[PDB]
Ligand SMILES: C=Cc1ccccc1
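A single chain comes next, written as structure tokens; it is the form solved without ethenylbenzene.
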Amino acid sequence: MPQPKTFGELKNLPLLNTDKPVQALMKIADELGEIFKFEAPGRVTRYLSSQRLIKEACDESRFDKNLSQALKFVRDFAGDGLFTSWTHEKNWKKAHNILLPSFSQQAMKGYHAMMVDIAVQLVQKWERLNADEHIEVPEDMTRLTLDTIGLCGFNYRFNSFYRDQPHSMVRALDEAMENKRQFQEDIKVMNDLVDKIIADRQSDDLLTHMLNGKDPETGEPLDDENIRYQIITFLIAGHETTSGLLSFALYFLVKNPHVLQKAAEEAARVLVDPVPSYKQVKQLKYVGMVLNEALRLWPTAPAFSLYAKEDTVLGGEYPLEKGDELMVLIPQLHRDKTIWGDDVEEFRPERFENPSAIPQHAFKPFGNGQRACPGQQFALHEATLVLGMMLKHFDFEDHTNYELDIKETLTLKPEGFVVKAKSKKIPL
């Protein structure tokens, strides 16, 4: 089995002593192919890149979600919330069942108004810029997605558009990625706030399903503690990933003017009213295609981890023992030439025009099976709404001829991406 360069008894570990580890891993996958071994002192895992192998790995009878080293550390503040629990922990399935209805079409129609509230603040911010001011794209996308999950999820206003300096969580994430005292202080700040939000609470949100909801299976509700973990979890899982998507999407649009014009024409033809309706967002088919293609190239939660439930042979060549770990490297999956063609690096939303044409397990920016993203429709609805509005209301210019530079935390975002927006002066 292929294996990248080693560092004495550190084995491969220093390979990840970089700002950009997922990107380093993508480059190792390009030289070594569909599978390689990665050793650190005291652990091994295998990185998977081809649809052929990833599809077997997605077989829930053979493999289950693993918590990677990263996630194990995140668990210090995310506890047994959905993202950082084991499938077999009682609280995974309980919360999974309680939370599914929170992502129901009925509920999505409920959130639409609050999504529009934050989307409007974003569009007003940009209308109000002076001539030759520019926009800090990920910084503004982050303000939006944080406010949106704050408001839709627990009726709480972060008021990000009213601030330069933010509301701890990002400092907790970086440490996981004196240090002890800070970390503890950060966990505490997150906890009191959230626990205070919980204690204090009649609203159209995720916190409500959690307060008034019983798991049909066990008949038990979530206790207040798992509730806070769930709240912490929405903010870590369902905000920066969405932010990155919108930033990558705008980037690809400004780099591909013909794609921009198709999406813009769609937004003008479809978004006929001063504010978008739920139904109008569902009509933005091409914008949806742009977002999927952005996700294909730069899936913003770019890896997930698995363990073998039993001894098993992968692909008919690589035997695994019970407990062995696998990592799915999503961006390499999404660049599998045998699936997508040889032009995998080009940005072509029309790959998704006829979606049944995409083979099973070839496109996985939202994970797999019962452990896949529950926030998928929410995130796509938000992103489609916001992008539609952006393209309806402004022309965009890549005034610096920005060079793609991708910052890695748990998630991916293009750092320093800036554009200028020229208002079409269409009333909001």
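Counting begins at 1, following the sequence as shown.
Note that the form solved in complex with ethenylbenzene isn't included here; everything after this is about it.
Although the partner is absent here, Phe83 lies within 4.5 Å of ethenylbenzene in the deposited complex, judged by heavy atoms. Ethenylbenzene is not shown here, and in the deposited complex it never comes within 4.5 Å of any heavy atom of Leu284.
Among residues of the shown chain, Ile98 is not one whose heavy atoms approach ethenylbenzene to within 4.5 Å in the deposited complex. Although the partner is absent here, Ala249 is not a contact residue: none of its heavy atoms lies within 4.5 angstroms of ethenylbenzene in the deposited complex. For the residues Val123, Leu297, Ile236, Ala264, the 4.5 Å heavy atom test against ethenylbenzene in the deposited complex is passed only by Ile236. The listed set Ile135, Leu314, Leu173, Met114 contains one residue whose heavy atoms approach ethenylbenzene in the deposited complex to within 4.5 Å, identified as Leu173. Listed stretches are 249-257, 179-187, 273-281, 72-80; the contact stretch with ethenylbenzene in the deposited complex is 72-80, by a heavy atom cutoff of 4.5 Å.
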